[PDB]
Amino acid sequence: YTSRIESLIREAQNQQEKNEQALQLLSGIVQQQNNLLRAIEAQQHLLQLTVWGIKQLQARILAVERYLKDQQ
Amino acid sequence: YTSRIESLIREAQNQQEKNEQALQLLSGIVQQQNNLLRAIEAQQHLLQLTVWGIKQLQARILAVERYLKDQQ
Amino acid sequence: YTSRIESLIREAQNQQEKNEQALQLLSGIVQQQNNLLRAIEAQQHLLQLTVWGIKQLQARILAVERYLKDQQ
């Protein structure tokens, strides 16, 4: 879970409209590119946690699969 | 699963070449930034579903782990 | 796992500072937009693998859930 990614998505949304209405535009485009980068970084942190969480589940289910096989 | 993210990736790909060949460029750069934002939003929706799906699995495997412990 | 996404995040980080200090800027902005696109594509590949991995776990845990029900 991360609500920061949501806040970054809305922040790039506001910066996008300000660029579209202005189309100082170069500063809003550079500022917009920093917003997208922060969101990509925030997603990669959450995407990294989902990778570690999938590995944990694969180890937990394999321990159960091997347990039910050893009982026989 | 989401095939929309793929379509958005190809759409930013076409807009990238049009900007690289043009390098009206400001409009293609603003249009490109909206494409990347849509893809980031589409990935966050899929990344959100993968978070809920991992929690469900952790509850399902914990129910099985506790079941095999209660049987003893 | 993918360390390429990390390298792409740092590469967009270096390009962001070069754009912020320059604020030839148009070329750095187009070059920055290609960096973010590569990272979005690299995350979607990893996000796709996490989707296939969650489906596999759901099938493995359902096989165990059905096994413990058939034993009764």
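Tabulated data
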| read-out | value |
| --- | --- |
| Residue tally, condition of a type in the set (A, V, I, L, M) and buried (at least 21 other Cβ atoms within 10 Å of the Cβ), over the stretch B:18-45 | 5 |
| Restricting the stretch A:35-51 to residues that are at the interface with chain C (Cβ under 7 Å from one of its Cβ atoms) and polar (S, T, N, Q), the residue that is nearest to C:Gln48 (Cα to Cα) | A:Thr50 |
| Options C:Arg38, C:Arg4, C:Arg60, C:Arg66: the member that is farther than 27 Å from A:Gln24 by Cβ and touching a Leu at 6+ places or on another chain (Cβ under 6 Å) | C:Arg38 |
| From C:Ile54, C:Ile5, residue being within 8 Å of another protein chain (Cβ to nearest Cβ), closer than 17 Å to A:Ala39 by Cα and crowded, with 16+ Cβ neighbours inside 10 Å | C:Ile5 |
| Members of the stretch A:12-30 found to be more than 9 Å from chain C (Cβ to nearest Cβ) and within 19 Å of C:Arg38 (Cα to Cα), listed by number | A:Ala12 |
| Residue, farthest from the chain's Cα centre (by Cα), within the stretch A:57-72, restricted to residues that are under 23 Å from B:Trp52 (Cα atoms) and surrounded by 14 or more Cβ atoms within 10 Å (Cβ to Cβ) | A:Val64 |
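Heads up, the Cβs are rebuilt from the backbone with ideal geometry, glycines too, and the neighbour counts pull from every protein chain shown. Every number in this text was worked out from the coordinates using simple rules, so none of it is lab data.
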